[PDB]
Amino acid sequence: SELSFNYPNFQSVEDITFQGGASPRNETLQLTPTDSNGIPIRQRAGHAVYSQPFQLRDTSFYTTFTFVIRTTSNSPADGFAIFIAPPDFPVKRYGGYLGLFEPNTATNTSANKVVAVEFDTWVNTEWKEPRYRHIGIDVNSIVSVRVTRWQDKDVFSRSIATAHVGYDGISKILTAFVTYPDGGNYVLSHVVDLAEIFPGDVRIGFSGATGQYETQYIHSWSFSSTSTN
């Protein structure tokens, strides 16, 4: 189906559903909560989703957002993701699960229905991720089917970074371009049939999780889908 929206900033948060530890803050989406001294809270997850469902049959989309990672020391965790899932999708486990999976089933592709582009700040030993912080594409598993190194210069830069995520409904390809002002540029693509995974409705949004010493802020967000006909 066809849907489009635009948030140049989040001064208004009108069609955003917040769940878990996510909330609006200084014209941004704060995905994980902070305490009374502004310090990030350990072991929490939060979702900020666009509230209107849409369908993926015979559909392409493009979405772009700006984001900041704020870290308060060496070893931040766990990151955030832009994700697609059914409309009734709950906030799931905190930590390296990124609010998108449950421990039992997190690597079983036949027990999940979720697709994401993750920005991962913590190297999880528990499912032997690659030995660096990374950006990746997830298809029904916390183990990214495609993954690339995310430079620490850029993780810790505290720049306002830009992500472009796009899905070509004809070729069945999801792609992410990520860019940093005077920094690194990242490119990932994967062949995946989203209409086959999600035969019904879905929502798009952001999931963040701690972890420790980390807050994830979305500064701007636009989306357009169109039919491939």
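Numbers follow the displayed sequence, beginning with 1. For the two forms, the rigid core is made up of the largest set of C-alpha atoms that agree within 1.5 Å on superposition.
Once the structures in 7 other deposited structures of this protein are superposed via the core, the pair 115 to 123 and 128 to 136 is resolved in favour of 128 to 136 as the more displaced stretch (C-alpha RMS). Taking only CA atoms, the mean B-factor in the PDB entry is higher for 84 to 92 than for the other of 117 to 125 and 84 to 92. Once the C-alpha B-factors are averaged per stretch, 6 to 14 and 210 to 218 rank with 6 to 14 first. Across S51, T162, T63, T175, the greatest Cα temperature factor reported in the deposited entry is at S51. Looking at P76, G136, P103, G99, the one whose CA carries the top B-factor in the deposited record is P103. Ranked by Cα temperature factor within the chain, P33 sits in the middle third according to the deposited record. The PDB entry assigns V155 a C-alpha temperature factor belonging to the middle third of its chain's modelled residues. Placement of the Cα temperature factor of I142 within the chain: lowest third of the modelled residues, per the deposited record. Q55 sits in the highest third of its chain by CA B factor, as recorded in the PDB entry. Ranked within its chain, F198 lands in the highest third, by CA B factor from the PDB record.
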